[PDB]
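Note sheet for the following structure.
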Amino acid sequence: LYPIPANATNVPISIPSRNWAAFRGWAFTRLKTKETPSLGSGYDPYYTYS
Amino acid sequence: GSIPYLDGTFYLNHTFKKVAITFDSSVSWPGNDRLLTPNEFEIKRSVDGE
Amino acid sequence: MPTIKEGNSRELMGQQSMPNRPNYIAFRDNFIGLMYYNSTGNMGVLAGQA
Amino acid sequence: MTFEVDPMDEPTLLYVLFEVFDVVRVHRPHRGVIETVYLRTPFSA
């Protein structure tokens with residue numbers, strides 16, 4: 001997940017040199033930060049959406 | 001005044017929240033499920049994680 | 001609301017009522033969210049006692 | 001990678017799925033013994 005600031009239009013992503021053997025491809029979408037609870041923890045204090 | 005960088009008069013260590021270390025864009029150090037919160041070094045927690 | 005003035009009055013005879021917005025609440029599709037997954041801090045366990 | 005999107009008046013996220021092999025091999029040599037071998041490539045954990 002990469003952040004897209006409000007009104008931002010360009011989204012550059014970089015992946016440091018690594019191994020690609022067996023790579024299958026890419027798949028992608030776009031989500032709203034408000035609708036994406038934070039999963040890097042047991043509880044998201046800033047998640048006010050259901 | 002005092003110049004911490006040169007003299008060692010450090011005084012802002014309590015402002016650190018956490019540290020995440022990553023090798024080659026994918027590997028988490030130290031990983032291995034070592035820490036209570038394995039994905040990073042948590043210096044301090046606020047109430048919620050008492 | 002014809003007036004921000006408390007108490008019954010000829011005025012209030014003109015107030016209008018409207019139904020509240022429908023609001024369904026329930027568990028998610030396939031019980032999503034119930035169990036923790038992909039969270040280092042709340043990792044499931046399946047191990048041989050031996 | 002460089003993505004170009006329509007502007008939105010709210011913070012959003014670009015969700016990227018890097019397709020790989022996420023596999024496990026289960027070994028059960030003895031009574032009450034489960035050994036596993038995980039392998040994720042690319043993007044090894």
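How things are named: the first chain in the structure tokens is A, the next is B, and so on; residues count from 1 in each chain; ligands count from 1 in the order shown.
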Please produce, as JSON lines, a per-residue contact table for chain C versus chain D (criterion: any atom at most 7 Å away, only C-alpha atoms considered), showing the nearest atom pair and its distance in Å to one decimal, sorted by chain then residue number.
{"residue": "C:47", "atom": "CA", "partner": "D:34", "partner_atom": "CA", "distance": 6.6}
{"residue": "C:48", "atom": "CA", "partner": "D:32", "partner_atom": "CA", "distance": 4.8}
{"residue": "C:49", "atom": "CA", "partner": "D:32", "partner_atom": "CA", "distance": 6.5}
{"residue": "C:50", "atom": "CA", "partner": "D:32", "partner_atom": "CA", "distance": 5.5}
Please provide the set of residues having any atom within 10 Å of range 18-23 of chain B, restricted to only C-alpha atoms, with same-chain residues fewer than 4 positions apart removed, written as a compact mmCIF listing (two decimals) with N, CA, C and O atoms, in the first residue's frame.
# COMPACT_ATOMS: atom_id res chain seq x y z
N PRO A 16 13.96 -1.56 -4.48
CA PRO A 16 15.39 -1.76 -4.53
C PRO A 16 15.73 -3.08 -5.18
O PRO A 16 15.03 -4.08 -5.01
N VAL B 27 13.18 -7.88 3.46
CA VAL B 27 13.60 -8.53 4.68
C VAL B 27 13.69 -7.65 5.92
O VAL B 27 14.45 -6.68 5.97
N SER B 28 12.90 -8.02 6.92
CA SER B 28 12.85 -7.32 8.18
C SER B 28 13.89 -7.83 9.18
O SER B 28 13.95 -9.02 9.50
N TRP B 29 14.71 -6.91 9.66
CA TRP B 29 15.73 -7.22 10.64
C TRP B 29 15.28 -6.69 11.98
O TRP B 29 14.76 -5.58 12.06
N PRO B 30 15.40 -7.50 13.03
CA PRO B 30 16.00 -8.82 13.01
C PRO B 30 15.03 -9.93 12.59
O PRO B 30 15.44 -11.09 12.46
N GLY B 31 13.76 -9.59 12.42
CA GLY B 31 12.78 -10.61 12.05
C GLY B 31 12.89 -11.79 13.00
O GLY B 31 13.15 -11.63 14.19
N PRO B 38 7.60 -7.91 16.62
CA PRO B 38 8.59 -8.41 15.69
C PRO B 38 8.93 -7.56 14.47
O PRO B 38 10.06 -7.61 14.00
N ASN B 39 7.98 -6.81 13.93
CA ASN B 39 8.28 -6.04 12.73
C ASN B 39 9.08 -4.76 12.92
O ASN B 39 9.48 -4.13 11.95
N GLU B 40 9.31 -4.38 14.16
CA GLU B 40 10.03 -3.16 14.40
C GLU B 40 10.40 -2.98 15.85
O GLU B 40 9.93 -3.69 16.73
N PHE B 41 11.25 -1.99 16.07
CA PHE B 41 11.69 -1.64 17.40
C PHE B 41 10.80 -0.54 17.95
O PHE B 41 10.84 0.60 17.47
N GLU B 42 9.98 -0.89 18.93
CA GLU B 42 9.09 0.07 19.55
C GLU B 42 9.77 0.64 20.78
O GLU B 42 9.99 -0.06 21.77
N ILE B 43 10.12 1.92 20.72
CA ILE B 43 10.79 2.54 21.84
C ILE B 43 9.86 2.83 23.02
O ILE B 43 10.25 2.66 24.17
N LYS B 44 8.64 3.26 22.72
CA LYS B 44 7.66 3.57 23.76
C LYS B 44 6.22 3.45 23.25
O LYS B 44 5.98 3.62 22.06
N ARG B 45 5.30 3.17 24.16
CA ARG B 45 3.87 3.04 23.84
C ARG B 45 3.00 3.99 24.65
O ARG B 45 3.29 4.31 25.79
Query raised in the report: For residue 38 in chain C, which of A:13, A:8, A:39, A:31 is the closest residue, counting only C-alpha atoms?
Result: A:39
Requested in this report: Identify, on the basis of only C-alpha atoms, every residue whose closest approach to range 15-23 of chain C does not exceed 7 Å; exclude the query and any residue fewer than 2 positions from it along the same chain; express the result as JSON, numbers by chain.
Outcome: {"C": [1, 2, 12, 13, 25]}
Where does chain C meet chain B within 12 Å, residue by residue, with the nearest atom pair and distance in Å to one decimal for each, counting only C-alpha atoms, listed by chain and rising number, as CSV?
residue,atom,partner,partner_atom,distance
C:38,CA,B:39,CA,12.0
C:39,CA,B:39,CA,9.8
C:40,CA,B:38,CA,6.7
C:41,CA,B:37,CA,6.0
C:42,CA,B:37,CA,9.7
C:43,CA,B:33,CA,10.6
Please produce an output containing N, CA and C atoms for each residue in the selection, written as a tab-separated table (two decimals), in the first residue's frame.
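Full text of result-v1.tsv as output:
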chain	number	residue	atom	x	y	z
C	38	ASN	N	-2.62	-12.42	9.22
C	38	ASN	CA	-1.58	-11.53	8.75
C	38	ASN	C	-1.21	-10.42	9.72
C	39	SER	N	-1.15	-10.76	11.00
C	39	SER	CA	-0.77	-9.82	12.04
C	39	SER	C	0.24	-10.50	12.95
C	40	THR	N	1.49	-10.04	12.91
C	40	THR	CA	2.53	-10.64	13.73
C	40	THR	C	2.24	-10.68	15.22
C	41	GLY	N	1.55	-9.65	15.72
C	41	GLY	CA	1.24	-9.56	17.14
C	41	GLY	C	0.17	-10.51	17.64
C	42	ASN	N	-0.75	-10.90	16.76
C	42	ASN	CA	-1.83	-11.80	17.12
C	42	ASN	C	-1.91	-13.01	16.21
C	43	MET	N	-0.76	-13.67	16.09
C	43	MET	CA	-0.59	-14.84	15.25
C	43	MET	C	-1.21	-16.12	15.79
